[PDB]
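Down below is the structure, laid out as structure tokens.
We place every Cβ from the backbone using ideal geometry, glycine too, and count neighbours over all the protein chains shown. Any read-out appearing in this document is the output of simple, stated calculations on the displayed coordinates, not a laboratory observation.
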Amino acid sequence: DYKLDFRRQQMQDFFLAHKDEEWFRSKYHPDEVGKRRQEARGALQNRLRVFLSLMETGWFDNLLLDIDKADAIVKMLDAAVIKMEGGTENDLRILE
Amino acid sequence: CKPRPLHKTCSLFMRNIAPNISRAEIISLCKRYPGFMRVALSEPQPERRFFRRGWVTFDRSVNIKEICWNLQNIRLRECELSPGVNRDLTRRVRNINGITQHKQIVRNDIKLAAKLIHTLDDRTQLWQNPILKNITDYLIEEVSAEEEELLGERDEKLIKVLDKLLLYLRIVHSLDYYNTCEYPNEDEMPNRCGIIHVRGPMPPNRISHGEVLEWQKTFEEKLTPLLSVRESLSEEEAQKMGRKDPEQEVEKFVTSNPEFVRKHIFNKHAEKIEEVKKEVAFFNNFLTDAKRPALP
């Protein structure tokens with residue numbers, strides 16, 4: 001059996017060759033995987049807050065995903081990013 | 001107080017960045033220019049020996065052309081960055097086929113969107129979701145069959161439901177529905193909410209009988225990759241490749257490093273025994289995964 005032994009070499013060569021690199025550590029290393037998901041869920045919860053903020057404020061109250069309201073969507077998407085960065089209702093005024 | 005242009009962000013772009021280079025040194029390189037915000041790296045690609053595409057984002061009140069020139073002939077760990085000024089997105093709101101604003105196909109998309117949100121809320125572990133309350137009411141047909149039996153196109157009520165689901169998918173989970181793709185790193189990259197996809201104007205000819213069903217088969221086929229669980233080898237296949245046992249290789253570390261020597265390592269040096277177990281799991285997670293990074 002060669003193919004079995006061949007895939008062992010390639011795998012183990014790659015684990016050696018990319019052991020200490022950031023991207024590889026982040027995918028598989030227990031410490032870095034855990035600290036990645038905390039950042040992810042922390043940043044995702046920030047995006048959830050923004051969606052719930054845009055709901056009650058009514059930024060997509062009369063807004064359908066259609067090219068007739070293409071300019072209205074862009075105006076909303078800007079307001080989404082402003083709230084992600086953390087701007088108040090004052091900071092949104094430049095869109096008006 | 002003056003209002004800020006927080007939606008606008010000018011940024012740099014780097015074509016080839018090495019895999020051994022982390023965010024740390026790229027951030028601290030670009031940190032000392034005022035108005036710096038965040039660095040974003042792409043997923044490395046095996047075709048270029050796992051090289052990453054970078055994106056250094058700056059504030060709008062900054063001259064990016066000077067800062068791009070400043071770092072133009074500057075290397076970092078035997079790798080020339082050579083940035084270029086990443087221009088803004090021109091065409092954001094893009095079209096798709098006009099068939100997707102139909103009664104039956106919107107109902108189909110509400111079912112699939114509801115399925116995606118259930119899955120993504122479990123996967124990410126947020127929260128229950130208020131936009132998924134009484135969605136089952138909108139999935140069922142409601143018709144006057146008896147009044148036809150005895151005697152004998154747009155539906156905005158369904159579309160307004162769909163939009164709240166599709167906007168949630170896009171804004172929260174970075175999932176553009178109609179294009180059928182994720183934008184996973186968006187929250188670090190310069191434009192946080194870039195390209196959204198939108199329904200077409202309208203079909204010129206009649207809406208065909210079987211063509212509506214053929215779209216639903218094709219559209220659901222593209223969405224199924226987005227809810228893909230990460231692969232794993234079988235118990236025998238993983239063991240034959242060489243799954244290292246944690247407690248066994250801890251014993252190999254102790255014997256290499258008689259009875260008084262073993263009681264010293266476990267009790268005093270408690271940090272090392274877990275560090276070996278972590279690097280075993282580091283290797284086993286890479287082994288178990290049946291979709292590894294490797295040279296093509």
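Just to check I understand the Karplus step: with θ = phi - 60° and J = 6.51 cos²θ - 1.76 cosθ + 1.60, what whole-Hz values come out for the stretch B:5-18, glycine and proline as x?
Here the 3J(HN,Hα) series is x, 6, 5, 8, 8, 8, 8, 9, 9, 10, 6, 10, 10, 5 Hz.
With point charges of +1 on the Cβ of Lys and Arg and -1 on the Cβ of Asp and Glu, referenced to the Cα centre of the protein assembly as shown, which listed residue (B:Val212, B:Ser28, B:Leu227) lies farthest in the positive direction of the dipole?
The listed residue farthest towards the positive side: B:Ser28.
Note down the magnitude of the dipole of chain B about its Cα centre, charges +1 on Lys and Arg C-beta and -1 on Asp and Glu C-beta and zero elsewhere, to the nearest 20 debye. Provide the component values of the computation, followed by the final result.
Working: 49 positive and 45 negative charges, 409 e Å.
For chain B, the charge dipole is close to 1960 debye.
I want to check the label-to-label distance for A:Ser26 and A:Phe6. Put each point 7 Å from Cα in the C-beta direction and report it in nm to one decimal.
Each label point lies 7 Å from its Cα, and together they span 3.2 nm.
Counting only helical runs of four or more DSSP H residues, what would the 222 nm mean residue ellipticity of chain B come to if each run contributes -39,500 (n - 2.57) and the total is spread over all its residues?
Estimated from H runs of four or more residues: -13000 deg cm²/dmol.
Amide H of B:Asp176: which non-local residues (sequence gap of 5 or more, or other chain) have their own amide H closer than 5 Å, using H built in the peptide plane?
Those lying under 5 Å, H to H, from B:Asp176 are B:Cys181, B:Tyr183.
Return the calculated 222 nm mean residue ellipticity for chain A, to the nearest 500 deg cm²/dmol, obtained by summing -39500 (n - 2.57) across DSSP H runs with n ≥ 4 and dividing by the residue count.
-23500 deg cm²/dmol
Where the only charges are on Cβ atoms (+1 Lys, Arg; -1 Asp, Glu), what is the dipole of the protein assembly as shown about its Cα centre, to the nearest 20 debye?
Using only the charged Cβ atoms, the result is roughly 1780 debye.
Roughly how far apart, in whole Å, are the Cα centres of the stretch B:88-112 and the stretch B:26-80?
Centre-to-centre distance over Cα atoms comes out at 35 Å.
For a quick check: with amide H placed at 1.01 Å from N, whose amide H comes under 5 Å from B:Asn86's, ignoring anything fewer than 5 positions away on the same chain?
Those qualifying (amide H under 5 Å, at least 5 residues apart or on another chain) are B:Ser11, B:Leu12, B:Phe13.
Taking the Cα centre of the stretch B:229-296 as the origin and placing charges on Cβ (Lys, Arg +1; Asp, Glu -1), which of B:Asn267, B:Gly242, B:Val280 is farthest toward the positive end of the dipole?
B:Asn267
Going by C-beta contacts inside 10 Å, put A:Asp1, A:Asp78 in order with the fewest on the left.
Working: A:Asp1 6, A:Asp78 20.
Starting with the residue having the fewest Cβ neighbours, the order is A:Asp1, A:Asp78.
List, in order, the whole-Hz ³J(HN,Hα) value for each residue of the stretch B:281-290 obtained from phi through the Karplus relation with A = 6.51, B = -1.76, C = 1.60 and θ = phi - 60°; use x for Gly and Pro.
Running phi through 6.51 cos²θ - 1.76 cosθ + 1.60 with θ = phi - 60° gives 5, 4, 6, 5, 4, 5, 5, 4, 3, 9 Hz.
DSSP loop (so not H, G, I, E, B), at most 13 other Cβ within 10 Å: list which trypsin sites (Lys or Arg not before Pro) in the stretch B:1-60 pass both filters.
Values: sites: B:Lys8, B:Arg15, B:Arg23, B:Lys31, B:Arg32, B:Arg38, B:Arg48, B:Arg49, B:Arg52, B:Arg53, B:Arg60; in loops: B:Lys8, B:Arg32, B:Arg49, B:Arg60.
Counting only loop positions with at most 13 other Cβ atoms within 10 Å, the trypsin sites (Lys or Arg not before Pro) in the stretch B:1-60 are B:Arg32, B:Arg49, B:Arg60.
Scale the Cα Rg of the protein assembly as shown by the rule-of-thumb value 2.2 N^0.38 Å and send over the ratio, two decimals.
In units of the 2.2 N^0.38 Å rule of thumb, it is 1.23.
As a footprinting exposure proxy, order B:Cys1, B:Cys79 by other Cβ within 10 Å, with the fewest listed first.
With the sparsest Cβ surroundings first, the list reads B:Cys1, B:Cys79.
Taking θ as phi - 60°, what are the ³J(HN,Hα) couplings along the stretch B:22-37 by the Karplus curve (6.51, -1.76, 1.60), each to the nearest whole Hz, with x for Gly and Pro?
Going residue by residue, I get 8, 5, 2, 6, 6, 5, 5, 5, 7, 4, 6, 7, x, x, 6, 10 Hz, with x marking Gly and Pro.
Roughly speaking, what % of Cα-Cα pairs in the stretch B:229-296 are separated by over 18 Å, rounded to a whole number?
Tail fraction, whole percent: 48.
Can you list the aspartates and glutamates whose alpha carbon sits under 17 Å from that of B:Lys133, skipping same-chain ones fewer than 8 residues off?
Correct list for B:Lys133: A:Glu56, B:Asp109, B:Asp121, B:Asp122, B:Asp163.
So which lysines can B:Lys217 reach, going by Cα to Cα under 23 Å and dropping same-chain residues fewer than 8 places off?
B:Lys103, B:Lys111, B:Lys115
Pairs of Cα atoms under 8 Å, at least six residues apart: use those to get the relative contact order of chain A, whole percent.
Relative contact order of chain A: 16 percent.
Total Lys pairs in chain A closer than 28 Å by alpha-carbon, pairs eight or more apart in sequence or interchain only? Walk me through the intermediate numbers first.
Details: A:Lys3/A:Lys19; A:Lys3/A:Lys27; A:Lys19/A:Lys27; A:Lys19/A:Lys35; A:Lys27/A:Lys35; A:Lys35/A:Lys83; A:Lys69/A:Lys83; A:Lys75/A:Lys83.
For chain A, the number of qualifying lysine pairs is 8.
By count of other Cβ within 10 Å, fewest leading, how are B:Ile273, B:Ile140 ordered?
B:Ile140, B:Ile273
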